[PDB]
file work.tsv (TSV, N, CA, C and O atoms)
chain	number	residue	atom	x	y	z
L	1	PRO	N	56.52	80.67	81.55
L	1	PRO	CA	57.69	80.08	82.24
L	1	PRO	C	58.91	81.01	82.10
L	1	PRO	O	59.40	81.24	80.98
L	2	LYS	N	59.37	81.57	83.23
L	2	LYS	CA	60.63	82.32	83.31
L	2	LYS	C	61.81	81.34	83.30
L	2	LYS	O	61.67	80.18	83.71
L	3	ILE	N	62.96	81.80	82.82
L	3	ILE	CA	64.20	81.02	82.81
L	3	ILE	C	64.85	81.13	84.22
L	3	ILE	O	64.70	82.15	84.90
L	4	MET	N	65.54	80.06	84.65
L	4	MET	CA	65.97	79.91	86.04
L	4	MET	C	67.27	80.70	86.29
L	4	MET	O	68.30	80.43	85.67
L	5	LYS	N	67.19	81.68	87.19
L	5	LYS	CA	68.29	82.61	87.48
L	5	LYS	C	69.15	82.07	88.64
L	5	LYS	O	68.74	82.12	89.81
L	6	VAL	N	70.33	81.52	88.29
L	6	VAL	CA	71.27	80.93	89.26
L	6	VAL	C	72.37	81.93	89.60
L	6	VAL	O	73.14	82.33	88.72
L	7	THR	N	72.45	82.34	90.87
L	7	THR	CA	73.50	83.24	91.35
L	7	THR	C	74.75	82.41	91.70
L	7	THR	O	74.66	81.34	92.29
L	8	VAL	N	75.92	82.88	91.25
L	8	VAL	CA	77.23	82.26	91.54
L	8	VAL	C	78.06	83.24	92.39
L	8	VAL	O	78.35	84.36	91.95
L	9	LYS	N	78.42	82.81	93.61
L	9	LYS	CA	79.23	83.61	94.54
L	9	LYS	C	80.69	83.15	94.41
L	9	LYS	O	81.02	82.01	94.71
L	10	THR	N	81.56	84.07	93.96
L	10	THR	CA	82.98	83.78	93.68
L	10	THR	C	83.89	84.61	94.59
L	10	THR	O	83.42	85.57	95.23
L	11	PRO	N	85.22	84.26	94.69
L	11	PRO	CA	86.24	85.09	95.39
L	11	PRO	C	86.38	86.51	94.79
L	11	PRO	O	86.84	87.44	95.46
L	12	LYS	N	85.97	86.64	93.53
L	12	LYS	CA	86.11	87.86	92.73
L	12	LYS	C	84.93	88.81	92.97
L	12	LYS	O	85.12	89.98	93.32
L	13	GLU	N	83.72	88.27	92.83
L	13	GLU	CA	82.48	89.06	92.77
L	13	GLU	C	81.25	88.15	92.99
L	13	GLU	O	81.39	87.03	93.49
L	14	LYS	N	80.05	88.64	92.65
L	14	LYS	CA	78.83	87.82	92.61
L	14	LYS	C	78.09	88.06	91.27
L	14	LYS	O	77.78	89.20	90.91
L	15	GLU	N	77.80	86.98	90.55
L	15	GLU	CA	77.18	87.01	89.21
L	15	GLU	C	75.88	86.18	89.24
L	15	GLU	O	75.60	85.52	90.24
L	16	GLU	N	75.07	86.26	88.17
L	16	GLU	CA	73.84	85.49	88.04
L	16	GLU	C	73.60	85.16	86.55
L	16	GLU	O	73.51	86.07	85.72
L	17	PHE	N	73.51	83.86	86.23
L	17	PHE	CA	73.30	83.36	84.86
L	17	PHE	C	71.85	82.89	84.67
L	17	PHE	O	71.15	82.60	85.65
L	18	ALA	N	71.42	82.82	83.41
L	18	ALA	CA	70.07	82.37	83.03
L	18	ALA	C	70.17	81.02	82.31
L	18	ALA	O	70.79	80.92	81.24
L	19	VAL	N	69.58	79.98	82.91
L	19	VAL	CA	69.62	78.59	82.41
L	19	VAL	C	68.22	77.96	82.56
L	19	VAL	O	67.50	78.32	83.49
L	20	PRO	N	67.77	77.05	81.64
L	20	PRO	CA	66.38	76.51	81.65
L	20	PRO	C	66.21	75.32	82.65
L	20	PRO	O	65.46	74.38	82.38
L	21	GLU	N	66.92	75.43	83.80
L	21	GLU	CA	67.13	74.38	84.83
L	21	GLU	C	67.55	72.99	84.29
L	21	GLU	O	67.60	72.02	85.05
L	22	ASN	N	67.93	72.92	83.00
L	22	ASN	CA	68.40	71.70	82.35
L	22	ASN	C	69.94	71.69	82.36
L	22	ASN	O	70.57	70.63	82.37
L	23	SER	N	70.52	72.91	82.36
L	23	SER	CA	71.96	73.13	82.36
L	23	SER	C	72.58	72.56	83.64
L	23	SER	O	72.43	73.13	84.72
L	24	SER	N	73.21	71.39	83.49
L	24	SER	CA	73.94	70.73	84.57
L	24	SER	C	75.30	71.41	84.77
L	24	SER	O	75.63	72.33	84.02
L	25	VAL	N	76.09	70.95	85.76
L	25	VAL	CA	77.37	71.60	86.14
L	25	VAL	C	78.35	71.68	84.94
L	25	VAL	O	78.95	72.72	84.70
L	26	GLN	N	78.46	70.57	84.18
L	26	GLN	CA	79.29	70.49	82.95
L	26	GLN	C	78.91	71.53	81.86
L	26	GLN	O	79.76	71.92	81.07
L	27	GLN	N	77.65	71.95	81.83
L	27	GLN	CA	77.15	72.98	80.89
L	27	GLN	C	77.24	74.39	81.50
L	27	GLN	O	77.48	75.38	80.79
L	28	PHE	N	77.07	74.46	82.83
L	28	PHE	CA	76.90	75.73	83.56
L	28	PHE	C	78.24	76.45	83.79
L	28	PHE	O	78.32	77.67	83.65
L	29	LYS	N	79.28	75.68	84.15
L	29	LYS	CA	80.60	76.24	84.47
L	29	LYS	C	81.30	76.79	83.20
L	29	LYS	O	82.26	77.53	83.29
L	30	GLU	N	80.78	76.39	82.02
L	30	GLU	CA	81.20	76.95	80.72
L	30	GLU	C	80.75	78.42	80.59
L	30	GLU	O	81.48	79.27	80.09
L	31	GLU	N	79.52	78.69	81.06
L	31	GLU	CA	78.95	80.05	81.07
L	31	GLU	C	79.70	80.94	82.06
L	31	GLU	O	79.88	82.14	81.82
L	32	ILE	N	80.13	80.32	83.17
L	32	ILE	CA	80.97	80.96	84.17
L	32	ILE	C	82.35	81.32	83.56
L	32	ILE	O	82.78	82.47	83.66
L	33	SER	N	83.00	80.34	82.92
L	33	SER	CA	84.41	80.45	82.47
L	33	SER	C	84.60	81.60	81.48
L	33	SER	O	85.53	82.39	81.61
L	34	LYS	N	83.70	81.70	80.49
L	34	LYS	CA	83.76	82.74	79.45
L	34	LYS	C	83.52	84.15	80.04
L	34	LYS	O	84.10	85.12	79.56
L	35	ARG	N	82.69	84.24	81.09
L	35	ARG	CA	82.31	85.53	81.69
L	35	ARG	C	83.42	86.04	82.63
L	35	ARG	O	83.82	87.21	82.58
L	36	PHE	N	83.93	85.12	83.48
L	36	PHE	CA	85.01	85.40	84.45
L	36	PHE	C	86.41	85.31	83.80
L	36	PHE	O	87.41	85.57	84.48
L	37	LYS	N	86.46	84.92	82.50
L	37	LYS	CA	87.71	84.80	81.69
L	37	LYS	C	88.68	83.78	82.33
L	37	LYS	O	89.90	83.92	82.27
L	38	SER	N	88.07	82.74	82.91
L	38	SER	CA	88.75	81.64	83.60
L	38	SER	C	88.66	80.35	82.75
L	38	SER	O	87.88	80.28	81.81
L	39	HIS	N	89.48	79.34	83.09
L	39	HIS	CA	89.35	77.97	82.52
L	39	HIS	C	88.34	77.17	83.36
L	39	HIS	O	88.28	77.36	84.58
L	40	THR	N	87.57	76.28	82.71
L	40	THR	CA	86.54	75.45	83.38
L	40	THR	C	87.17	74.46	84.37
L	40	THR	O	86.54	74.08	85.37
L	41	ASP	N	88.41	74.05	84.07
L	41	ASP	CA	89.21	73.15	84.92
L	41	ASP	C	89.63	73.87	86.23
L	41	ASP	O	89.79	73.23	87.28
L	42	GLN	N	89.75	75.21	86.17
L	42	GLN	CA	90.08	76.07	87.33
L	42	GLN	C	88.84	76.40	88.18
L	42	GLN	O	88.95	76.97	89.27
L	43	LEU	N	87.65	76.02	87.68
L	43	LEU	CA	86.37	76.25	88.37
L	43	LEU	C	85.92	74.99	89.11
L	43	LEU	O	85.71	73.95	88.48
L	44	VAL	N	85.76	75.08	90.44
L	44	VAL	CA	85.13	74.02	91.25
L	44	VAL	C	83.92	74.62	92.00
L	44	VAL	O	84.07	75.55	92.81
L	45	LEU	N	82.72	74.13	91.67
L	45	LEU	CA	81.48	74.53	92.35
L	45	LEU	C	81.33	73.71	93.64
L	45	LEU	O	81.77	72.57	93.70
L	46	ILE	N	80.78	74.35	94.68
L	46	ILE	CA	80.50	73.72	95.99
L	46	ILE	C	79.08	74.12	96.41
L	46	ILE	O	78.71	75.30	96.33
L	47	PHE	N	78.31	73.13	96.86
L	47	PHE	CA	76.96	73.33	97.40
L	47	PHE	C	76.60	72.12	98.26
L	47	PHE	O	77.02	70.99	97.94
L	48	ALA	N	75.85	72.36	99.36
L	48	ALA	CA	75.46	71.34	100.35
L	48	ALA	C	76.69	70.80	101.13
L	48	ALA	O	76.61	69.78	101.80
L	49	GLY	N	77.81	71.54	101.05
L	49	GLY	CA	79.07	71.17	101.71
L	49	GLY	C	79.97	70.28	100.85
L	49	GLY	O	81.09	69.96	101.26
L	50	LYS	N	79.49	69.87	99.66
L	50	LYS	CA	80.23	68.94	98.77
L	50	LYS	C	80.49	69.62	97.41
L	50	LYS	O	79.77	70.55	97.02
L	51	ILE	N	81.53	69.16	96.70
L	51	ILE	CA	81.90	69.69	95.37
L	51	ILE	C	80.95	69.15	94.27
L	51	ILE	O	80.66	67.95	94.22
L	52	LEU	N	80.45	70.06	93.43
L	52	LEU	CA	79.61	69.72	92.29
L	52	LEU	C	80.50	69.37	91.10
L	52	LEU	O	81.18	70.24	90.53
L	53	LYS	N	80.51	68.08	90.75
L	53	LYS	CA	81.25	67.54	89.60
L	53	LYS	C	80.34	67.55	88.36
L	53	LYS	O	79.20	68.01	88.44
L	54	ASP	N	80.84	67.05	87.22
L	54	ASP	CA	80.04	66.94	85.98
L	54	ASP	C	78.91	65.89	86.12
L	54	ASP	O	77.90	65.96	85.41
L	55	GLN	N	79.08	64.94	87.07
L	55	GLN	CA	78.05	63.94	87.43
L	55	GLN	C	76.90	64.60	88.23
L	55	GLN	O	75.81	64.03	88.34
L	56	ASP	N	77.18	65.77	88.81
L	56	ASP	CA	76.22	66.57	89.56
L	56	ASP	C	75.48	67.52	88.61
L	56	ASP	O	76.06	68.01	87.63
L	57	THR	N	74.20	67.74	88.89
L	57	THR	CA	73.41	68.81	88.26
L	57	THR	C	73.02	69.79	89.37
L	57	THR	O	72.74	69.35	90.50
L	58	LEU	N	73.01	71.09	89.07
L	58	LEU	CA	72.65	72.12	90.08
L	58	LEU	C	71.19	71.94	90.57
L	58	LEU	O	70.93	72.01	91.77
L	59	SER	N	70.28	71.62	89.64
L	59	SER	CA	68.84	71.47	89.91
L	59	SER	C	68.55	70.32	90.90
L	59	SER	O	67.65	70.44	91.74
L	60	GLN	N	69.35	69.23	90.83
L	60	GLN	CA	69.20	68.05	91.72
L	60	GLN	C	69.58	68.41	93.18
L	60	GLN	O	69.08	67.79	94.12
L	61	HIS	N	70.44	69.43	93.36
L	61	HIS	CA	70.87	69.88	94.71
L	61	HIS	C	69.96	70.98	95.27
L	61	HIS	O	70.25	71.57	96.31
L	62	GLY	N	68.84	71.23	94.57
L	62	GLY	CA	67.86	72.23	94.97
L	62	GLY	C	68.32	73.64	94.66
L	62	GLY	O	67.86	74.60	95.29
L	63	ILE	N	69.24	73.77	93.68
L	63	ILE	CA	69.71	75.06	93.19
L	63	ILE	C	68.80	75.48	92.04
L	63	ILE	O	68.98	75.05	90.89
L	64	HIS	N	67.76	76.24	92.39
L	64	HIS	CA	66.79	76.78	91.43
L	64	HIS	C	66.83	78.32	91.48
L	64	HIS	O	67.83	78.89	91.93
L	65	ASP	N	65.78	78.96	90.97
L	65	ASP	CA	65.68	80.42	90.87
L	65	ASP	C	65.78	81.08	92.26
L	65	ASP	O	64.97	80.80	93.15
L	66	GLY	N	66.82	81.91	92.45
L	66	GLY	CA	67.05	82.63	93.71
L	66	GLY	C	68.11	81.98	94.59
L	66	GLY	O	68.54	82.59	95.58
L	67	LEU	N	68.52	80.75	94.25
L	67	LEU	CA	69.58	80.02	94.99
L	67	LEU	C	70.96	80.44	94.47
L	67	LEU	O	71.10	80.98	93.36
L	68	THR	N	72.00	80.17	95.29
L	68	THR	CA	73.38	80.60	95.04
L	68	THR	C	74.36	79.44	95.26
L	68	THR	O	74.34	78.79	96.31
L	69	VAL	N	75.23	79.21	94.25
L	69	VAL	CA	76.30	78.20	94.32
L	69	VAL	C	77.59	78.88	94.79
L	69	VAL	O	77.88	80.02	94.39
L	70	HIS	N	78.37	78.19	95.63
L	70	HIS	CA	79.66	78.71	96.12
L	70	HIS	C	80.78	78.22	95.18
L	70	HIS	O	81.14	77.05	95.21
L	71	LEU	N	81.32	79.13	94.37
L	71	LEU	CA	82.40	78.82	93.42
L	71	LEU	C	83.75	79.25	93.98
L	71	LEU	O	83.87	80.30	94.62
L	72	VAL	N	84.76	78.41	93.72
L	72	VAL	CA	86.15	78.69	94.03
L	72	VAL	C	86.97	78.62	92.73
L	72	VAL	O	87.08	77.55	92.12
L	73	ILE	N	87.47	79.78	92.30
L	73	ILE	CA	88.27	79.90	91.08
L	73	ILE	C	89.76	79.86	91.45
L	73	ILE	O	90.17	80.49	92.43
L	74	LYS	N	90.55	79.09	90.67
L	74	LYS	CA	91.98	78.86	90.95
L	74	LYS	C	92.83	79.27	89.73
L	74	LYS	O	93.77	78.57	89.32
L	75	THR	N	92.49	80.44	89.15
L	75	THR	CA	93.24	81.04	88.03
L	75	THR	C	94.55	81.70	88.49
L	75	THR	O	95.55	81.61	87.78
L	76	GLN	N	94.48	82.34	89.67
L	76	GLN	CA	95.48	83.27	90.27
L	76	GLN	C	95.68	84.57	89.42
L	76	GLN	O	95.53	85.67	89.95
L	77	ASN	N	95.97	84.44	88.11
L	77	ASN	CA	96.22	85.58	87.20
L	77	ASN	C	94.92	86.28	86.78
L	77	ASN	O	94.97	87.25	86.01
L	78	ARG	N	93.74	85.79	87.24
L	78	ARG	CA	92.46	86.52	87.11
L	78	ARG	C	91.96	86.88	88.53
L	78	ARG	O	91.16	86.14	89.11
L	79	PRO	N	92.46	88.01	89.14
L	79	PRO	CA	92.04	88.45	90.48
L	79	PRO	C	90.67	89.20	90.44
L	79	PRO	O	89.66	88.63	90.89
call {"tool": "encode", "arguments": {"input": "work.tsv", "output": "structure tokens"}}
result
Amino acid sequence: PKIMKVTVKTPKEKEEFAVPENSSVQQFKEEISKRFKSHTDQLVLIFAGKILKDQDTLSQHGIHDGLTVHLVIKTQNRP
């Protein structure tokens, strides 16, 4: 079993994290925040046309290995 590689497309760049498809949005955006040097509150994930909240899990939206989430970062001071 390989670990699930989730690509995150941001205004800044494009990254890819490794999660055991158990990491929901509340766990996943923490991995984003430390890497992009952003606050988790400044991170809003979007997929299927709707915003992924902490009640949302990436895996439930069909975001598995090779899929990409659309992130919008609102730090301003991290361009």
call {"tool": "residues_around", "arguments": {"input": "work.tsv", "residues": "residue 15 in chain L", "least_positions_apart": "4", "cutoff": "8 Å", "atoms": "only N, CA, C and O atoms", "output": "number ranges by chain"}}
result
L: 5-10, 67-69
call {"tool": "atom_distance", "arguments": {"input": "work.tsv", "atom1": "atom C of residue 39 in chain L", "atom2": "atom C of residue 14 in chain L"}}
result
16.9 Å
call {"tool": "select_by_dssp", "arguments": {"input": "work.tsv", "residues": "chain L", "states": "strand (DSSP E or B)", "output": "list in words"}}
result
residues 4, 5, 6, 7, 8, 9, 14, 15, 16, 17, 18, 19, 43, 44, 45, 46, 47, 50, 51, 52, 68, 69, 70, 71, 72 and 73 of chain L
call {"tool": "closest_residue", "arguments": {"input": "work.tsv", "among": "L:33, L:77, L:27, L:38", "to": "residue 53 in chain L", "atoms": "only N, CA, C and O atoms"}}
result
L:27
call {"tool": "atom_distance", "arguments": {"input": "work.tsv", "atom1": "CA of residue 36 in chain L", "atom2": "CA of residue 1 in chain L"}}
result
27.9 Å
call {"tool": "atom_distance", "arguments": {"input": "work.tsv", "atom1": "atom O of residue 28 in chain L", "atom2": "CA of residue 61 in chain L"}}
result
15.4 Å
call {"tool": "decode", "arguments": {"input": "work.tsv", "residues": "range 24-44 of chain L", "atoms": "N, CA, C and O atoms", "output": "CSV table (one decimal), in the first residue's frame"}}
result
chain,number,residue,atom,x,y,z
L,24,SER,N,-8.2,14.2,7.0
L,24,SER,CA,-9.3,15.0,6.6
L,24,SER,C,-8.8,16.5,6.5
L,24,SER,O,-7.7,16.8,6.8
L,25,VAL,N,-9.7,17.4,6.0
L,25,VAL,CA,-9.3,18.8,5.8
L,25,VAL,C,-8.7,19.5,7.0
L,25,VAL,O,-7.7,20.2,6.9
L,26,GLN,N,-9.3,19.3,8.2
L,26,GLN,CA,-8.8,19.8,9.5
L,26,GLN,C,-7.3,19.3,9.8
L,26,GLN,O,-6.6,20.0,10.5
L,27,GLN,N,-7.0,18.2,9.3
L,27,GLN,CA,-5.6,17.6,9.5
L,27,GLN,C,-4.7,18.0,8.3
L,27,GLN,O,-3.5,18.2,8.5
L,28,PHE,N,-5.2,18.1,7.1
L,28,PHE,CA,-4.5,18.3,5.9
L,28,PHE,C,-4.0,19.7,5.7
L,28,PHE,O,-2.8,19.9,5.3
L,29,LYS,N,-4.8,20.7,6.0
L,29,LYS,CA,-4.5,22.1,5.8
L,29,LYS,C,-3.4,22.6,6.8
L,29,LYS,O,-2.8,23.6,6.7
L,30,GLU,N,-3.2,21.8,7.9
L,30,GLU,CA,-2.0,22.0,8.8
L,30,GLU,C,-0.7,21.7,8.1
L,30,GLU,O,0.3,22.4,8.4
L,31,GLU,N,-0.7,20.6,7.3
L,31,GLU,CA,0.5,20.3,6.5
L,31,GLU,C,0.8,21.3,5.4
L,31,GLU,O,2.0,21.6,5.1
L,32,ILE,N,-0.3,21.9,4.9
L,32,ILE,CA,-0.2,23.0,4.0
L,32,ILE,C,0.4,24.3,4.7
L,32,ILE,O,1.4,24.9,4.2
L,33,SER,N,-0.2,24.6,5.9
L,33,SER,CA,0.2,25.9,6.5
L,33,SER,C,1.7,26.0,6.9
L,33,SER,O,2.3,27.0,6.7
L,34,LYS,N,2.2,24.9,7.5
L,34,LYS,CA,3.6,24.9,7.9
L,34,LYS,C,4.6,25.0,6.6
L,34,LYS,O,5.7,25.5,6.7
L,35,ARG,N,4.1,24.4,5.5
L,35,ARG,CA,5.0,24.3,4.3
L,35,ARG,C,5.0,25.7,3.5
L,35,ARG,O,6.0,26.2,3.1
L,36,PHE,N,3.8,26.3,3.4
L,36,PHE,CA,3.5,27.6,2.7
L,36,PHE,C,3.8,28.8,3.7
L,36,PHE,O,3.7,29.9,3.2
L,37,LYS,N,4.1,28.5,5.0
L,37,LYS,CA,4.3,29.5,6.0
L,37,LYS,C,3.1,30.4,6.2
L,37,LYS,O,3.3,31.6,6.5
L,38,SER,N,1.9,29.8,6.1
L,38,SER,CA,0.6,30.5,6.2
L,38,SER,C,-0.1,30.1,7.5
L,38,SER,O,0.3,29.1,8.1
L,39,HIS,N,-1.1,30.8,7.9
L,39,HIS,CA,-2.0,30.4,8.9
L,39,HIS,C,-3.1,29.5,8.3
L,39,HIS,O,-3.6,29.7,7.2
L,40,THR,N,-3.6,28.5,9.1
L,40,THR,CA,-4.7,27.5,8.7
L,40,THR,C,-6.0,28.2,8.5
L,40,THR,O,-6.8,27.8,7.6
L,41,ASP,N,-6.2,29.3,9.2
L,41,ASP,CA,-7.4,30.2,9.1
L,41,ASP,C,-7.4,31.0,7.8
L,41,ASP,O,-8.5,31.3,7.3
L,42,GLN,N,-6.2,31.2,7.3
L,42,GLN,CA,-6.0,31.9,6.0
L,42,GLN,C,-6.2,31.0,4.8
L,42,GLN,O,-6.2,31.4,3.6
L,43,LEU,N,-6.2,29.7,5.1
L,43,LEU,CA,-6.4,28.6,4.0
L,43,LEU,C,-7.8,28.2,3.9
L,43,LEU,O,-8.4,27.7,4.8
L,44,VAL,N,-8.4,28.3,2.7
L,44,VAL,CA,-9.7,27.8,2.3
L,44,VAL,C,-9.5,26.8,1.1
L,44,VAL,O,-9.1,27.3,0.0
